[PDB]
Amino acid sequence: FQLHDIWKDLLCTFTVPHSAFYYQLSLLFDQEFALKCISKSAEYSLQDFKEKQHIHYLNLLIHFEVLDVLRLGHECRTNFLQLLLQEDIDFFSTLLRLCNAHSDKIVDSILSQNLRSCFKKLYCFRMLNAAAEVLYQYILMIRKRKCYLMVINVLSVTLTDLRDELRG
Amino acid sequence: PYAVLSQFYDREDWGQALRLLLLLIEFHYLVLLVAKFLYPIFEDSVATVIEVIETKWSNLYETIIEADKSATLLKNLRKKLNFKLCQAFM
Amino acid sequence: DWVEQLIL
Amino acid sequence: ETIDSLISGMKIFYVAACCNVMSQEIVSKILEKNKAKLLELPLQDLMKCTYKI
C-alpha cells in the first residue's frame, strides 16, 4: 500500500483519494497493524482530524512520552485537552514530572486548574516549580509541623509567623 | 561506628542517614558534616528530617566546610530544594 | 541495645 | 510605556505592596503580549521569569 501510493468504508476511502486509508485500517482492526499504520500516517501528516489522530495515538501509547509530545504539539481545542488530561489523571504524573525536569502559558494554566480540581498539595507544588505555598496554607487553615517546615524551606515575615505558630 | 559500617555495606543508607539526623538533633561541625554527607548522596520521614535540620540551622566549622569543598548555607538550601523536588516527583 | 541507646 | 515601567520599578525599590504592584504590572504586560520592543519591555517571580524565557 505505502509503496504504491467494510465495502462502504473502502468506497469512502476511494472517494477521498493516505490519512483516510490508515484511519480506515485502524478502525477495521479495532491490532498491531492498525496501531502502526495510524501512527505512521499521523507522523506523515504532522481541527477535527488533528484532534482525532492525537487522541488515538495517545490512547495507543498509554495502552502499550506520548503525552508531553502531543501537548507541546497542540500548544504550538482547549477543553478537549482538559478531557484528555482528565483521562490521564500515576503515569500522567510521572510524565509531567519528567517534562518539568526537562524544562529545568495555556498549558500551565490548564495543568494548575486540573490539579486544583498530601497528594493534591504535592502535585500542585511540583507543577508550580507561590501556588504551592498558597495551597499548603489553605489546607492547613504532625501535619502542621510538616507543612510549616515545607513552607519555611521553600521560602529559604512568613518564616517568623510560621515559627511563632509552631511554638504556640 | 554503626552508621559508618552501614555506609560501607539503598534502604540501609537511608536508615544510616536517619540515624545521623537523629544524632544531629540530639546535639555545628556535626551538622555541617551531615549536610556534606547528604549532598554526596544526592521519603516523608526523610523530608521531615531535612526540614528539622533546616530549622536548626563558627570559624572551625567554616574551616571544615572549606576542607570538604577541597556559601555553605546556600549549598545546604540548594540541597534541601533538590530533596523536596525529588519527594514531589516520587 | 546499641541502637536503643542511639535513639535515646 | 517604558517610562511608566521605570517609574513603577523605582516605586517598588522605595515591601509587600510593591511586590504585588510589580506582579500586577507583569500580568498586564503578559496580557498585552497575548519582538525587540517586547524584549526591551521585559528587561515565584523568578520562576515566572524563567518560564517566560
# chains A, B, ... in the order shown; residues from 1 in each chain; ligands from 1
$ residues_around --residues "range 140-143 of chain A" --least-positions-apart "3" --cutoff "12 Å" --atoms "only C-alpha atoms" --output "ChimeraX atom specification"
/A:118,121,133-137,146-151,162,165-166 /B:44-45,48
$ interface_residues --of "chain D" --to "chain A" --cutoff "10 Å" --atoms "only C-alpha atoms" --output "compact mmCIF listing (two decimals) with C-alpha atoms, in the first residue's frame"
# COMPACT_ATOMS: atom_id res chain seq x y z
CA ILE D 30 1.72 39.32 29.68
CA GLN D 44 7.85 32.69 42.34
CA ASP D 45 8.56 35.84 40.31
CA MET D 47 10.20 31.07 38.33
CA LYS D 48 7.74 33.01 36.21
CA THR D 50 12.34 31.67 33.81
CA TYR D 51 9.22 30.12 32.31
CA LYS D 52 8.89 33.23 30.15
$ select_by_dssp --residues "chain C" --states "helix (DSSP H, G or I)" --output "PyMOL selection string"
chain C and resi 2-6
$ write_last_selection --atoms "N, CA, C and O atoms" --output "JSON list (two decimals), in the first residue's frame"
[["chain", "number", "residue", "atom", "x", "y", "z"],
["C", 2, "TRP", "N", 22.59, -1.30, 71.31],
["C", 2, "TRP", "CA", 23.37, -0.20, 70.78],
["C", 2, "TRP", "C", 22.51, 0.76, 69.96],
["C", 2, "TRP", "O", 22.83, 1.94, 69.85],
["C", 3, "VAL", "N", 21.43, 0.25, 69.39],
["C", 3, "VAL", "CA", 20.58, 1.07, 68.53],
["C", 3, "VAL", "C", 19.44, 1.69, 69.35],
["C", 3, "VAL", "O", 18.69, 2.53, 68.86],
["C", 4, "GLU", "N", 19.32, 1.24, 70.60],
["C", 4, "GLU", "CA", 18.30, 1.76, 71.50],
["C", 4, "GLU", "C", 18.92, 2.92, 72.28],
["C", 4, "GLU", "O", 18.22, 3.80, 72.78],
["C", 5, "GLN", "N", 20.25, 2.90, 72.39],
["C", 5, "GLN", "CA", 20.98, 3.91, 73.15],
["C", 5, "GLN", "C", 21.26, 5.09, 72.23],
["C", 5, "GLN", "O", 21.51, 6.20, 72.71],
["C", 6, "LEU", "N", 21.25, 4.85, 70.91],
["C", 6, "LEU", "CA", 21.48, 5.88, 69.88],
["C", 6, "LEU", "C", 20.19, 6.68, 69.66],
["C", 6, "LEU", "O", 20.22, 7.89, 69.49]]
$ interface_residues --of "chain A" --to "chain B" --cutoff "8 Å" --atoms "only C-alpha atoms" --output "PyMOL selection string"
chain A and resi 94+97+122-123+125-126+146+149-150+153-154+156
$ write_last_selection --atoms "C-alpha atoms" --output "mmCIF file, in the first residue's frame"
data_model
loop_
_atom_site.group_PDB
_atom_site.id
_atom_site.type_symbol
_atom_site.label_atom_id
_atom_site.label_comp_id
_atom_site.auth_asym_id
_atom_site.auth_seq_id
_atom_site.Cartn_x
_atom_site.Cartn_y
_atom_site.Cartn_z
ATOM 1 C CA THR A 94 5.312 10.753 36.147
ATOM 2 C CA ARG A 97 7.448 15.345 36.433
ATOM 3 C CA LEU A 122 2.278 17.742 46.377
ATOM 4 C CA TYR A 123 1.220 17.682 42.742
ATOM 5 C CA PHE A 125 3.791 22.243 44.382
ATOM 6 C CA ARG A 126 5.684 20.090 41.882
ATOM 7 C CA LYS A 146 5.361 19.119 58.165
ATOM 8 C CA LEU A 149 8.539 23.108 57.693
ATOM 9 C CA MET A 150 7.981 22.667 53.938
ATOM 10 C CA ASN A 153 12.333 25.531 53.330
ATOM 11 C CA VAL A 154 10.639 26.765 50.147
ATOM 12 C CA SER A 156 14.558 29.895 52.077
#
$ closest_residue --among "D:3, D:43, D:9, D:37" --to "residue 23 in chain D" --atoms "only C-alpha atoms"
D:9
